[PDB]
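What follows is one structure encoded as structure tokens, with my remarks underneath.
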Ligand SMILES: Cc1cc2nc3c(=O)[nH]c(=O)nc-3n(C[C@H](O)[C@H](O)[C@H](O)COP(=O)(O)O)c2cc1C
Ligand SMILES: Cc1cc2nc3c(=O)[nH]c(=O)nc-3n(C[C@H](O)[C@H](O)[C@H](O)COP(=O)(O)O)c2cc1C
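Residue numbers (full-length UniProt numbering), protein chains in the order written: chain A, 1 to 351; chain B, 2 to 351.
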């Protein structure tokens with residue numbers, strides 16, 4: 001086994017439990033870090049002070065390194081006319097549940113690039129690792145984090161995005177293949193999505209690049225981890241494998257969805273949030289290019305609209321609109337305390 | 002594992018993929034003589050011409066080889082749809098001073114619609130017969146197995162791997178999204194799950210009955226080792242053999258795959274009517290874009306494209322060529338096929 005990543009992070013095992021906004025928790029992160037991996041939390045969507053309190057919660061439960069994740073998308077551009085047309089299109093769905101769409105949509109997830117309170121807070125709290133999704137911060141901000149001993153990780157979905165992660169000065173690249181659950185890390189989705197599978201992406205980044213590569217997407221057991229290291233990865237990041245952990249904040253309907261037959265087929269959708277994301281298809285996965293569908297508002301305003309519909313639906317016992325993200329290996333998902341899943345993966349990695 | 006090797010009577014768990022228009026009897030023999038499983042594709046040829054190709058392979062090797070056929074839902078003619086398609090293409094043909102064919106032909110008969118292929122295979126008896134786009138009716142997998150032939154079927158999903166199993170094929174070729182050339186989806190009007198090799202191979206090895214041949218993105222022995230770790234019994238590699246001098250890739254295609262265009266592949270349905278992965282060019286356009294008419298069936302669309310390729314090529318223009326390649330294309334190497342095979346085996350052990 002290579003120590004290129006474990007050395008870097010000061011951990012025992014080359015396994016990262018994916019940050020998963022709405023699913024990871026301080027209990028989940030601490031569990032994995034205490035078992036010898038790198039546990040993770042996502043803090044986007046919170047005030048800096050509330051992210052601070054979440055970082056301190058994890059520190060309260062583990063003395064080991066953990067990872068704090070922030071979204072670094074292009075800041076969403078409000079478009080009130082486009083947003084009104086979208087809301088009008090969604091009216092019949094709200095009406096099914098005796099609800100009306102919201103009157104206005106909000107930028108619910110501020111990017112690291114538009115919230116200047118986040119960097120100073122992280123320079124104070126100094127978690128072991130800070131990770132970025134959807135883009136890379138400027139090199140001088142990455143270096144400010146490293147000057148205080150924080151390791152910086154950034155997700156890339158292509159070699160061209162991996163070149164940008166290198167130019168930002170990150171410590172490692174998270175190579176997110178098509179198999180991955182949740183939002184695709186594509187930097188500029190208006191330019192398309194190469195939709196490179198994990199087996200090819202990890203090989204290309206390890207064969208033709210020199211930052212340490214963390215493989216992310218479809219990995220559910222030790223055979224998958226061993227395959228990723230054979231491709232040249234220095235570590236793995238696994239999200240869907242940790243969703244059934246009892247430490248996770250997945251709800252009962254999501255656990256049921258993932259343990260059941262729907263796990264056999266995932267799909268990508270832009271209509272849930274405004275950005276391409278993979279999960280178990282439902283009534284929120286519709287064809288945005290069908291006749292009569294108006295133009296999609298920007299991320300994350302579309303997600304604000306969806307969350308109000310999810311609220312209205314859940315207020316009538318209906319879970320057909322929920323965000324139940326999941327990777328293409330979802331049918332191999334197991335339910336176990338995170339620290340024992342972690343140890344099971346290690347035994348399988350070495351078995 | 003030697004699940005697969007013993008079964009096929011070969012030394013090495015490496016299949017050089019059948020690639021219509023790229024694989025040749027010389028390529029297949031080189032790989033078979035070096036210890037893997039060489040392959041040829043015979044769809045699109047009369048049964049007698051297929052027989053002549055099998056005999057060409059046997060002229061160069063007496064080791065096991067694989068003979069591939071397309072098992073797609075047979076194409077359905079729709080004259081008005083075809084006429085509007087050819088109309089839309091008209092200005093392209095015009096740029097090279099030609100115009101479209103008047104009608105379009107079912108240039109590639111599925112195994113399902115050409116009753117002469119099965120009799121022809123029962124006599125010639127290659128070691129393996131493989132099918133793409135679908136699983137043949139079960140009695141026939143039986144009929145080939147009856148006479149000593151191993152039957153392989155490509156699938157792109159666990160659901161399609163079921164349909165292969167019930168068919169009692171001997172092995173399933175698990176084709177990930179990384180794969181070059183035409184996607185093996187059975188029923189594309191029904192959608193495309195577009196599953197990556199890493200997930201598909203693990204799913205089929207953990208949940209299915211058959212030896213799994215991993216296909217898509219594998220370019221070196223590390224990729225081979227990875228596939229075996231995921232539970233595959235062997236690999237099938239197409240893009241890695243395209244640069245072999247034994248292939249029938251033309252010079253333009255070789256230069257395209259060696260150059261910077263290998264950094265990015267894409268899927269198109271506008272080249273043939275079915276989703277296929279290669280180096281994008283002027284045949285890779287958005288079929289849903291304003292002004293583009295409904296697409297005709299596979300393989301009729303390919304018939305129109307071949308016509309336009311013939312016309313561009315007469316003017317020395319290669320921008321409409323079919324230059325298929327997988328997502329590992331940037332790792333392509335140019336070696337004699339047997340030397341590639343030896344290098345892969347070395348890497349698989351190192
Ligand atoms: C439920 C879920 C939520 C996700 N949310 C985020 C997140 O908040 N931030 C992030 O960096 N990645 C997120 N991801 C993606 C993961 O970081 C990682 O790319 C992905 O889980 C890997 O694929 P796998 O799920 O097949 O393991 C999400 C993934 C899932 C499954
Ligand atoms: C140039 C080329 C032509 C292809 N044509 C066919 C074909 O005729 N028959 C078939 O079963 N598969 C065909 N394929 C698909 C391969 O069998 C296989 O799934 C693919 O090569 C695997 O990915 P790789 O190219 O990344 O190795 C072809 C692929 C390539 C690259």
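Think of the CB as a built atom: it goes at the ideal place given N, C-alpha and C, for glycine as much as any other residue.
| Query | Result |
| --- | --- |
| Could you check the C-alpha separation between residue 334 of chain A and residue 64 of chain A for me, to the nearest Å? | 25 Å |
| Considering only DSSP beta bridges, list what residue 77 of chain A is partnered with. | Residue 77 of chain A pairs with nothing; no bridge assigned. |
| Rounded to whole angstroms, what is the Cα-Cα separation between residue 127 of chain B and residue 68 of chain B? | 7 Å |
| Alpha carbon to alpha carbon, how far is residue 17 of chain B from residue 351 of chain B? | 21 Å |
| I'd like to know whether the C-beta of residue 220 of chain A is nearer than 9 Å to at least one C-beta of chain B. | yes |
| Go to residue 165 of chain B, then tell me how far its alpha helix (DSSP H) extends in each direction, as first and last residue. | 159 to 166 |
| For residue 292 of chain A and chain B, any beta-carbon pair shorter than 9 Å? | no |
| Does the stretch 309 to 327 of chain B come close enough to the stretch 230 to 246 of chain B to have 3 or more Cβ pairs within less than 8 Å? | yes |
| Return yes when the C-beta of residue 23 of chain A is under 8 Å from any heavy atom of ligand 3, and no when it is not. | This structure lacks ligand 3; its bound ligands are ligand 1 and ligand 2. |
| Tell me which residue opens and which closes the beta strand (DSSP E) that residue 176 of chain A is part of. | 172 to 176 |
| Confirm, please, whether the CB-CB distance from residue 2 of chain B to residue 248 of chain B is below 9 Å. | no |
| Rounded to the nearest angstrom, what separates residue 125 of chain B and residue 43 of chain B at their Cα positions? | 13 Å |
| Would residue 361 of chain B count as contacting chain A if we go by Cβ distances under 9 Å? | Since the first residue of chain B shown is 2 and the last is 351, residue 361 of chain B is not available in this structure. |
| Listed in chain order, which residues of the stretch 326 to 337 of chain A have Cβ atoms closer than 8 Å to some Cβ of chain B? | 327, 328, 329, 331, 332 |
| Identify the residues that DSSP records as bridge partners of residue 183 of chain A: which are they? | A:277 |
| Please check if any C-beta of chain B sits within less than 9 Å of the C-beta of residue 149 of chain A. | no |
| On the CB-based measure, 16 or more other CB atoms within 10 Å of its CB, does residue 19 of chain A come out buried or exposed? | buried |
| Taking the continuous alpha helix (DSSP H) assigned at residue 302 of chain B, which residues delimit it? | 301 to 315 |
| Regarding residue 34 of chain A and ligand 2, is the C-beta to nearest heavy atom distance less than 8 Å? | no |
| So for residue 151 of chain A, helix, strand or coil by DSSP? | strand |
| Measure the Cβ-Cβ separation of residue 79 of chain A and residue 304 of chain A and say whether it is below 9 Å. | no |
| Does DSSP classify residue 318 of chain A as helix, strand or coil? | coil |
| Which residues in the same chain as residue 176 of chain B place their Cβ atom closer than 6 Å to its Cβ, once the five residues preceding and following it in sequence are excluded? | 155, 157, 185, 216, 217 |
| In chain order, what residues of the same chain lie with their CB nearer than 7 Å to the CB of residue 76 of chain A, ignoring the 5 residues before and after it? | 107, 298, 299, 300, 301 |
| In chain A, which residues lie with their C-beta within 9 Å of the C-beta of residue 224 of chain B? | 199, 200, 203, 230, 231 |
| Which residue comes first and which comes last in the alpha helix (DSSP H) that contains residue 33 of chain B? | 26 to 34 |
| Using alpha carbons as the reference points, say which of B:264, B:286, B:101 lies closest to residue 311 of chain B. | B:101 |
| Name, please, each residue of chain B whose Cβ falls closer than 7 Å to the Cβ of residue 159 of chain A. | 264 |
| Run the proximity test for residue 133 of chain A: is its beta-carbon closer than 8 Å to any non-hydrogen atom belonging to ligand 1? | yes |
| If the criterion is Cβ atoms closer than 9 Å, does the pair residue 205 of chain B and residue 227 of chain A meet it? | no |
| Report the neighbours of residue 179 of chain B on chain A: residues whose CB is nearer than 8 Å to its CB, in chain order. | 196, 197, 199, 200 |
| Mind listing the chain B neighbours of residue 208 of chain A? Cutoff is C-beta to C-beta under 9 Å, in chain order. | 331, 332 |
| When we look at the beta-carbon of residue 163 of chain A and count the other beta-carbons within 10 Å, is it buried (16 or more) or exposed? | exposed |
| What is the DSSP secondary structure of residue 66 of chain B, counted as helix, strand or coil? | strand |
| Answer with yes or no whether the minimum CB distance from residue 289 of chain B to chain A is below 9 Å. | yes |
| Find out if the Cβ-Cβ distance for the pair residue 294 of chain A, residue 89 of chain A is shorter than 9 Å. | yes |
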